[PDB]
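The file protein-v3.txt contains compact mmCIF, C-alpha atoms and all ligand atoms:
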```txt
# COMPACT_ATOMS: atom_id res chain seq x y z
CA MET A 1 -65.61 -30.53 -28.69
CA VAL A 2 -65.07 -31.52 -25.10
CA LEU A 3 -62.00 -33.55 -24.22
CA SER A 4 -62.57 -36.82 -22.33
CA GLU A 5 -60.92 -37.29 -18.91
CA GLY A 6 -58.63 -39.75 -20.66
CA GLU A 7 -57.60 -37.08 -23.19
CA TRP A 8 -57.05 -34.52 -20.40
CA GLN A 9 -54.81 -37.00 -18.59
CA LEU A 10 -52.63 -37.33 -21.64
CA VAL A 11 -52.34 -33.59 -22.11
CA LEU A 12 -51.55 -32.89 -18.47
CA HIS A 13 -49.12 -35.80 -18.22
CA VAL A 14 -46.99 -34.35 -20.94
CA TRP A 15 -47.46 -30.84 -19.63
CA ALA A 16 -46.03 -31.84 -16.26
CA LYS A 17 -42.88 -32.95 -18.12
CA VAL A 18 -42.71 -29.55 -19.94
CA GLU A 19 -42.81 -27.90 -16.54
CA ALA A 20 -39.36 -29.36 -15.68
CA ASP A 21 -37.89 -26.82 -18.10
CA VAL A 22 -40.48 -24.18 -18.97
CA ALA A 23 -37.76 -21.79 -20.17
CA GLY A 24 -36.09 -24.21 -22.60
CA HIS A 25 -39.47 -25.21 -24.00
CA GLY A 26 -40.59 -21.57 -24.40
CA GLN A 27 -37.36 -20.78 -26.33
CA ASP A 28 -37.67 -23.76 -28.60
CA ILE A 29 -41.35 -23.02 -29.32
CA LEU A 30 -40.88 -19.31 -30.12
CA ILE A 31 -37.85 -20.04 -32.23
CA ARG A 32 -39.75 -22.70 -34.20
CA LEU A 33 -42.66 -20.31 -34.62
CA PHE A 34 -40.43 -17.47 -35.88
CA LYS A 35 -38.46 -19.69 -38.25
CA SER A 36 -41.45 -21.50 -39.66
CA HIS A 37 -43.61 -18.44 -39.87
CA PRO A 38 -41.52 -15.24 -40.13
CA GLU A 39 -44.59 -13.02 -40.22
CA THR A 40 -45.08 -13.95 -36.55
CA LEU A 41 -41.76 -12.44 -35.53
CA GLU A 42 -42.80 -9.16 -37.07
CA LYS A 43 -45.68 -8.88 -34.55
CA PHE A 44 -43.14 -8.63 -31.78
CA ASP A 45 -41.48 -5.21 -31.59
CA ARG A 46 -39.44 -6.68 -28.76
CA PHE A 47 -37.87 -9.36 -30.91
CA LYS A 48 -37.93 -8.22 -34.52
CA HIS A 49 -34.28 -7.17 -34.43
CA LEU A 50 -33.36 -10.90 -34.12
CA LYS A 51 -32.21 -12.12 -37.53
CA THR A 52 -30.62 -15.56 -36.90
CA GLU A 53 -31.46 -18.61 -34.85
CA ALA A 54 -28.29 -18.18 -32.84
CA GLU A 55 -29.34 -14.56 -32.00
CA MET A 56 -32.74 -15.89 -30.91
CA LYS A 57 -31.15 -18.58 -28.71
CA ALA A 58 -28.88 -15.91 -27.12
CA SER A 59 -31.71 -13.52 -26.22
CA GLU A 60 -32.51 -13.61 -22.52
CA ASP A 61 -35.55 -11.45 -23.15
CA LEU A 62 -36.99 -13.97 -25.63
CA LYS A 63 -36.53 -16.71 -22.98
CA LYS A 64 -38.33 -14.52 -20.48
CA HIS A 65 -41.28 -14.03 -22.85
CA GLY A 66 -41.38 -17.82 -23.57
CA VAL A 67 -41.76 -18.47 -19.86
CA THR A 68 -44.59 -15.92 -19.72
CA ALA A 69 -46.49 -17.42 -22.59
CA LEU A 70 -46.06 -21.04 -21.53
CA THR A 71 -46.96 -20.33 -17.94
CA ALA A 72 -50.32 -18.74 -19.13
CA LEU A 73 -50.89 -21.77 -21.39
CA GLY A 74 -50.24 -24.14 -18.56
CA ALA A 75 -52.78 -22.41 -16.40
CA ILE A 76 -55.36 -22.71 -19.17
CA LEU A 77 -54.69 -26.40 -19.75
CA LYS A 78 -55.02 -27.22 -16.07
CA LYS A 79 -58.55 -25.78 -16.13
CA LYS A 80 -59.49 -28.65 -18.44
CA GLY A 81 -61.71 -26.54 -20.63
CA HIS A 82 -63.12 -24.40 -17.77
CA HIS A 83 -60.87 -21.54 -18.79
CA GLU A 84 -63.25 -18.69 -19.45
CA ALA A 85 -61.55 -16.38 -16.97
CA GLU A 86 -58.09 -17.08 -18.25
CA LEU A 87 -59.07 -16.61 -21.91
CA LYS A 88 -60.84 -13.32 -21.73
CA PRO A 89 -57.85 -11.14 -21.02
CA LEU A 90 -55.67 -13.04 -23.39
CA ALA A 91 -58.16 -12.79 -26.23
CA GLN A 92 -58.67 -9.04 -25.54
CA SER A 93 -54.98 -8.24 -25.59
CA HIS A 94 -54.20 -10.47 -28.58
CA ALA A 95 -57.03 -9.17 -30.72
CA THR A 96 -56.96 -5.49 -29.76
CA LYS A 97 -53.38 -4.62 -28.67
CA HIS A 98 -51.05 -7.24 -30.23
CA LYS A 99 -53.17 -7.79 -33.40
CA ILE A 100 -52.63 -11.50 -33.65
CA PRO A 101 -54.70 -13.32 -36.30
CA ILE A 102 -56.27 -16.65 -35.33
CA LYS A 103 -54.28 -18.27 -37.97
CA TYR A 104 -51.13 -17.26 -36.08
CA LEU A 105 -52.50 -19.12 -33.06
CA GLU A 106 -52.72 -22.20 -35.28
CA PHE A 107 -49.01 -21.73 -36.15
CA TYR A 108 -48.31 -21.38 -32.39
CA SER A 109 -50.14 -24.69 -31.76
CA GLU A 110 -48.07 -26.42 -34.47
CA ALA A 111 -44.86 -25.17 -32.85
CA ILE A 112 -45.90 -26.44 -29.42
CA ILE A 113 -46.76 -29.85 -30.78
CA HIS A 114 -43.55 -30.11 -32.72
CA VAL A 115 -41.42 -29.19 -29.71
CA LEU A 116 -43.26 -31.58 -27.37
CA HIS A 117 -42.63 -34.29 -29.90
CA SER A 118 -38.85 -33.52 -30.02
CA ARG A 119 -38.44 -33.39 -26.27
CA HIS A 120 -40.84 -36.11 -25.00
CA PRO A 121 -41.17 -38.91 -27.58
CA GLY A 122 -42.11 -41.57 -24.92
CA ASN A 123 -44.79 -39.41 -23.34
CA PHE A 124 -45.94 -37.95 -26.59
CA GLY A 125 -47.03 -40.68 -28.88
CA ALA A 126 -49.93 -40.49 -31.26
CA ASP A 127 -52.58 -40.66 -28.61
CA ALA A 128 -51.09 -37.79 -26.60
CA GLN A 129 -50.41 -35.76 -29.77
CA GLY A 130 -54.08 -36.15 -30.67
CA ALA A 131 -55.30 -35.11 -27.24
CA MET A 132 -52.95 -32.09 -27.17
CA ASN A 133 -54.14 -31.03 -30.60
CA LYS A 134 -57.72 -31.25 -29.39
CA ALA A 135 -56.94 -29.12 -26.32
CA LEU A 136 -55.11 -26.51 -28.41
CA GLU A 137 -58.03 -26.49 -30.94
CA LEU A 138 -60.50 -25.94 -28.14
CA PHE A 139 -58.39 -22.97 -26.97
CA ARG A 140 -58.34 -21.58 -30.50
CA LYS A 141 -62.10 -22.10 -31.00
CA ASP A 142 -62.83 -20.17 -27.79
CA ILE A 143 -60.38 -17.35 -28.55
CA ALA A 144 -61.85 -17.09 -32.06
CA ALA A 145 -65.36 -16.64 -30.60
CA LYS A 146 -64.03 -13.77 -28.45
CA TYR A 147 -62.29 -12.20 -31.49
CA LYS A 148 -65.62 -12.33 -33.38
CA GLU A 149 -67.38 -10.59 -30.49
CA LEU A 150 -64.76 -7.81 -30.60
CA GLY A 151 -64.98 -7.58 -34.40
CA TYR A 152 -61.64 -9.15 -35.17
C1 LIG B 1 -50.72 -20.37 -26.92
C2 LIG B 1 -50.85 -19.14 -27.41
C3 LIG B 1 -50.46 -17.88 -26.68
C4 LIG B 1 -50.33 -17.59 -25.35
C5 LIG B 1 -50.65 -18.45 -24.18
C6 LIG B 1 -49.80 -16.25 -25.25
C7 LIG B 1 -49.57 -15.63 -24.02
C8 LIG B 1 -49.18 -14.31 -23.88
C9 LIG B 1 -49.07 -13.66 -22.64
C10 LIG B 1 -49.43 -14.35 -21.33
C11 LIG B 1 -48.66 -12.39 -22.89
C12 LIG B 1 -48.47 -11.30 -21.86
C13 LIG B 1 -49.79 -10.69 -21.40
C14 LIG B 1 -50.64 -10.13 -22.53
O1 LIG B 1 -50.18 -9.18 -23.19
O2 LIG B 1 -51.76 -10.67 -22.81
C15 LIG B 1 -48.47 -12.25 -24.30
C16 LIG B 1 -48.05 -11.12 -24.94
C17 LIG B 1 -47.87 -11.11 -26.31
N1 LIG B 1 -48.15 -12.10 -27.20
FE1 LIG B 1 -48.87 -13.83 -26.85
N2 LIG B 1 -49.62 -15.75 -26.45
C18 LIG B 1 -49.98 -16.66 -27.38
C19 LIG B 1 -49.92 -16.54 -28.77
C20 LIG B 1 -49.30 -15.47 -29.46
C21 LIG B 1 -48.92 -15.48 -30.79
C22 LIG B 1 -49.19 -16.61 -31.75
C23 LIG B 1 -48.33 -14.25 -31.09
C24 LIG B 1 -47.74 -13.75 -32.37
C25 LIG B 1 -47.69 -14.47 -33.47
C26 LIG B 1 -48.37 -13.48 -29.87
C27 LIG B 1 -47.85 -12.22 -29.67
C28 LIG B 1 -47.74 -11.61 -28.41
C29 LIG B 1 -47.22 -10.24 -28.26
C30 LIG B 1 -46.69 -9.34 -29.36
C31 LIG B 1 -47.24 -9.96 -26.97
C32 LIG B 1 -46.75 -8.65 -26.36
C33 LIG B 1 -45.28 -8.90 -26.04
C34 LIG B 1 -44.49 -7.69 -25.56
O3 LIG B 1 -44.14 -6.76 -26.32
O4 LIG B 1 -44.12 -7.66 -24.41
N3 LIG B 1 -48.87 -14.29 -28.89
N4 LIG B 1 -48.81 -13.45 -24.90
```
Encoded form (structure tokens):
Amino acid sequence: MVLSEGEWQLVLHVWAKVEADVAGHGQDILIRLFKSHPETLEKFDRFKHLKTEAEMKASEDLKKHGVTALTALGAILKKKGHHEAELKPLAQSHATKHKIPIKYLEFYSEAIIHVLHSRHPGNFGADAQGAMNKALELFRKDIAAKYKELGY
């Protein structure tokens, strides 16, 4: 899998819209992740005390973490697949410190795609959803290969 230039344009066009409100996107994505997949919340010592959606929405610290995560993702996307240097540290921490299964990265991808669809219907039609899925799959494929190297 390599994305075409066309596919990259679609991804980065929608991403530039996300960047108008990184914090609101990060909140919506983590919340969707935690509600859809409660096991994910449990990996976060920082957030596992949050028991309701309203509590999640009211946490400034969760918003802060959403900004962190999305900002790293944005830097990866803008490398258009040349993201070896960005991925290495992220794979290392996620495999060896945070203990995040690959499957949980698939759930994370699903959350991103869902939120982009809610917030950007006109810039996120089928073609753009496809391209974004391909980009997120490429990310996951590469992280997975690092996990295997490390024996996760
Ligand atoms: C698009 C996928 C993801 C990106 C870009 C991302 C990004 C980040 C970044 C940039 C950090 C801070 C630096 C570091 O520790 O490496 C971080 C920390 C962390 N990530 Fe992720 N992450 C992703 C997926 C996940 C998922 C799916 C989970 C759990 C289901 C997870 C759990 C965590 C945890 C527990 C921390 C440590 C948070 C703390 O206690 O401060 N991440 N992530």
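Each residue with an atom within 7 Å of any atom of ligand LIG 1 (chain B) appears in the list, which was built counting only C-alpha atoms and all ligand atoms: residues 40, 41, 43, 44, 45, 46, 68, 69, 70, 72, 73, 89, 90, 93, 94, 98, 100, 104, 105, 107, 108 and 109 of chain A.
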Distance criterion (all atoms listed in the file): nearest to residue 35 of chain A out of A:56, A:143, A:150, A:116: A:56
Counting only C-alpha atoms, which residues come within 12 Å of (-36.6, -24.3, -18.1), with the point read in the file's coordinates, and could you list them as an MDAnalysis selection string? chainID A and resid 17:28 63:64 66:68 70:71
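The residue that comes closest to residue 78 of chain A, out of A:146, A:13, A:114, A:57 and on the basis of only C-alpha atoms, is A:13.
When all atoms listed in the file are used to measure the gap to residue 96 of chain A, the shortest distance among A:79, A:147, A:31, A:53 belongs to A:147.
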For residue 127 of chain A, work out the shell of residues within 10 Å, counting only C-alpha atoms and skipping chain neighbours fewer than 6 positions away, then give it as an MDAnalysis selection string. chainID A and resid 7 10:11 133
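Among the candidates A:152, A:112, A:138, A:132, the residue lying nearest to residue 97 of chain A is A:152 (atoms considered: only C-alpha atoms).
Interatomic distance, atom CA of residue 8 of chain A to atom CA of residue 134 of chain A: 9.6 Å.
Going from atom CA of residue 38 of chain A over to atom CA of residue 128 of chain A, you cover 28.0 Å.
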List as a PyMOL selection string the protein and nucleic acid residues near residue 141 of chain A, meaning an atom at most 12 Å away when only C-alpha atoms are counted, but skip any in the same chain fewer than 4 places from it. chain A and resi 1-2+81+87+91+102-103+105-106+133-137+145-148
Interatomic distance between atom CA of residue 12 of chain A and atom CA of residue 144 of chain A? 23.2 Å
Taking all atoms of segment 93-106 of chain A that the file lists and extending 6 Å past them on each side, where is the centre of the axis-aligned box and how long are its edges? Answer in Å to one decimal, as lines of an AutoDock Vina configuration file.
```
center_x = -54.0
center_y = -13.4
center_z = -31.8
size_x = 18.0
size_y = 29.6
size_z = 24.4
```
Of the residues A:113, A:76, A:95, A:54, which is the one nearest to residue 131 of chain A, using all atoms listed in the file? A:113
Starting from the incomplete input, reconstruct N, CA and C atoms of segment 45-67 of chain A and report them as a PDB file, in the coordinates of the input.
```pdb
ATOM      1  N   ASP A  45     -42.465  -6.268 -31.618  1.00  0.00           N
ATOM      2  CA  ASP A  45     -41.480  -5.210 -31.590  1.00  0.00           C
ATOM      3  C   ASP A  45     -40.270  -5.549 -30.758  1.00  0.00           C
ATOM      4  N   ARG A  46     -40.481  -6.289 -29.675  1.00  0.00           N
ATOM      5  CA  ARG A  46     -39.440  -6.680 -28.760  1.00  0.00           C
ATOM      6  C   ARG A  46     -38.381  -7.587 -29.371  1.00  0.00           C
ATOM      7  N   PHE A  47     -38.754  -8.334 -30.408  1.00  0.00           N
ATOM      8  CA  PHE A  47     -37.870  -9.360 -30.910  1.00  0.00           C
ATOM      9  C   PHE A  47     -37.504  -9.211 -32.384  1.00  0.00           C
ATOM     10  N   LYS A  48     -38.119  -8.255 -33.082  1.00  0.00           N
ATOM     11  CA  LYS A  48     -37.930  -8.220 -34.520  1.00  0.00           C
ATOM     12  C   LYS A  48     -36.517  -7.856 -35.008  1.00  0.00           C
ATOM     13  N   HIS A  49     -35.653  -7.386 -34.112  1.00  0.00           N
ATOM     14  CA  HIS A  49     -34.280  -7.170 -34.430  1.00  0.00           C
ATOM     15  C   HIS A  49     -33.487  -8.498 -34.539  1.00  0.00           C
ATOM     16  N   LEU A  50     -34.066  -9.616 -34.101  1.00  0.00           N
ATOM     17  CA  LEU A  50     -33.360 -10.900 -34.120  1.00  0.00           C
ATOM     18  C   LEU A  50     -33.416 -11.482 -35.543  1.00  0.00           C
ATOM     19  N   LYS A  51     -32.257 -11.764 -36.114  1.00  0.00           N
ATOM     20  CA  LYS A  51     -32.210 -12.120 -37.530  1.00  0.00           C
ATOM     21  C   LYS A  51     -31.746 -13.581 -37.767  1.00  0.00           C
ATOM     22  N   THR A  52     -31.106 -14.171 -36.780  1.00  0.00           N
ATOM     23  CA  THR A  52     -30.620 -15.560 -36.900  1.00  0.00           C
ATOM     24  C   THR A  52     -31.117 -16.411 -35.763  1.00  0.00           C
ATOM     25  N   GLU A  53     -31.153 -17.751 -35.953  1.00  0.00           N
ATOM     26  CA  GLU A  53     -31.460 -18.610 -34.850  1.00  0.00           C
ATOM     27  C   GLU A  53     -30.518 -18.464 -33.645  1.00  0.00           C
ATOM     28  N   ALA A  54     -29.221 -18.353 -33.905  1.00  0.00           N
ATOM     29  CA  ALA A  54     -28.290 -18.180 -32.840  1.00  0.00           C
ATOM     30  C   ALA A  54     -28.584 -16.908 -31.993  1.00  0.00           C
ATOM     31  N   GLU A  55     -28.899 -15.816 -32.665  1.00  0.00           N
ATOM     32  CA  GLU A  55     -29.340 -14.560 -32.000  1.00  0.00           C
ATOM     33  C   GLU A  55     -30.577 -14.801 -31.158  1.00  0.00           C
ATOM     34  N   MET A  56     -31.557 -15.522 -31.699  1.00  0.00           N
ATOM     35  CA  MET A  56     -32.740 -15.890 -30.910  1.00  0.00           C
ATOM     36  C   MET A  56     -32.426 -16.700 -29.664  1.00  0.00           C
ATOM     37  N   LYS A  57     -31.576 -17.708 -29.843  1.00  0.00           N
ATOM     38  CA  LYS A  57     -31.150 -18.580 -28.710  1.00  0.00           C
ATOM     39  C   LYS A  57     -30.408 -17.799 -27.647  1.00  0.00           C
ATOM     40  N   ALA A  58     -29.729 -16.729 -28.046  1.00  0.00           N
ATOM     41  CA  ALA A  58     -28.880 -15.910 -27.120  1.00  0.00           C
ATOM     42  C   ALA A  58     -29.685 -14.774 -26.429  1.00  0.00           C
ATOM     43  N   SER A  59     -30.932 -14.570 -26.810  1.00  0.00           N
ATOM     44  CA  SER A  59     -31.710 -13.520 -26.220  1.00  0.00           C
ATOM     45  C   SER A  59     -32.325 -13.961 -24.902  1.00  0.00           C
ATOM     46  N   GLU A  60     -31.917 -13.300 -23.824  1.00  0.00           N
ATOM     47  CA  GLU A  60     -32.510 -13.610 -22.520  1.00  0.00           C
ATOM     48  C   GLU A  60     -33.977 -13.121 -22.458  1.00  0.00           C
ATOM     49  N   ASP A  61     -34.229 -11.997 -23.122  1.00  0.00           N
ATOM     50  CA  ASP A  61     -35.550 -11.450 -23.150  1.00  0.00           C
ATOM     51  C   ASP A  61     -36.575 -12.357 -23.884  1.00  0.00           C
ATOM     52  N   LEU A  62     -36.134 -13.001 -24.967  1.00  0.00           N
ATOM     53  CA  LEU A  62     -36.990 -13.970 -25.630  1.00  0.00           C
ATOM     54  C   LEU A  62     -37.318 -15.154 -24.704  1.00  0.00           C
ATOM     55  N   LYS A  63     -36.308 -15.636 -23.972  1.00  0.00           N
ATOM     56  CA  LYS A  63     -36.530 -16.710 -22.980  1.00  0.00           C
ATOM     57  C   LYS A  63     -37.521 -16.288 -21.950  1.00  0.00           C
ATOM     58  N   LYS A  64     -37.421 -15.058 -21.465  1.00  0.00           N
ATOM     59  CA  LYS A  64     -38.330 -14.520 -20.480  1.00  0.00           C
ATOM     60  C   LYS A  64     -39.766 -14.521 -21.000  1.00  0.00           C
ATOM     61  N   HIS A  65     -39.938 -14.060 -22.232  1.00  0.00           N
ATOM     62  CA  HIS A  65     -41.280 -14.030 -22.850  1.00  0.00           C
ATOM     63  C   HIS A  65     -41.818 -15.465 -23.029  1.00  0.00           C
ATOM     64  N   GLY A  66     -40.957 -16.413 -23.406  1.00  0.00           N
ATOM     65  CA  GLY A  66     -41.380 -17.820 -23.570  1.00  0.00           C
ATOM     66  C   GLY A  66     -41.910 -18.399 -22.274  1.00  0.00           C
ATOM     67  N   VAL A  67     -41.247 -18.076 -21.188  1.00  0.00           N
ATOM     68  CA  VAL A  67     -41.760 -18.470 -19.860  1.00  0.00           C
ATOM     69  C   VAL A  67     -43.140 -17.867 -19.586  1.00  0.00           C
TER      70      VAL A  67
END
```
